[PDB]
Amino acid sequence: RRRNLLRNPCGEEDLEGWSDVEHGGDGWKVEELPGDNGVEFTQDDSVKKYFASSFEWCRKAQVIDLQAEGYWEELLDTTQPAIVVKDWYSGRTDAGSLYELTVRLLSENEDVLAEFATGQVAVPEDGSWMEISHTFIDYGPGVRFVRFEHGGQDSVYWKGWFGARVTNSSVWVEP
């Protein structure tokens, strides 16, 4: 009740598990909570680390295979269970930054059958944490993968790690 299908949501294991890592600027850097000039993570004390972006877009994805993880075609097709994505993001209090999240459902031909996508958005400049959540339902038949991609950068073009901060990401399936 319920299992996160994303490897290494908080950089406990640096960047293992994530693919299409794009290192913009001085790339991604794992840091500890609350980071340099940012607010406390209030609501899951098990979370000790976020990933930080730099001065050009940093991205990263994971392509989750619903079968490798334990589901199967006719289940997905007849029951069509809810697939839930959450992400957590923030910015520093001493620079602004941008966030973007794009999450898609793929057929096994890898046609996008459903998408949930923010566009690039300005991260609250008070530095506060944002949870972002979508639930996919009645997406229809042939969902084989969930692709989860997010990214960040600063909007100040600084050296260092002044971009958006991401952590605690999850995808799961539920009744």
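Numbers for residues come from their place in the sequence shown, where the first is 1.
With 140-148 and 28-36 compared on mean CA B-factor from the PDB entry, the stretch scoring higher is 28-36.
Remark: stretch with higher mean C-alpha B factor among 114-122 and 37-45 is 37-45. Sort the chain's modelled residues by C-alpha temperature factor and residue 69 lands in the middle third, per the entry.
For residue 135, the recorded CA temperature factor ranks within the lowest third of the chain's modelled residues. In the deposited entry, the Cα temperature factor of residue 15 places it in the middle third of its chain's modelled residues.
Ranked by Cα temperature factor within the chain, residue 107 sits in the middle third according to the deposited record.
When all modelled residues of the chain are sorted by CA temperature factor, residue 156 is found within the highest third.
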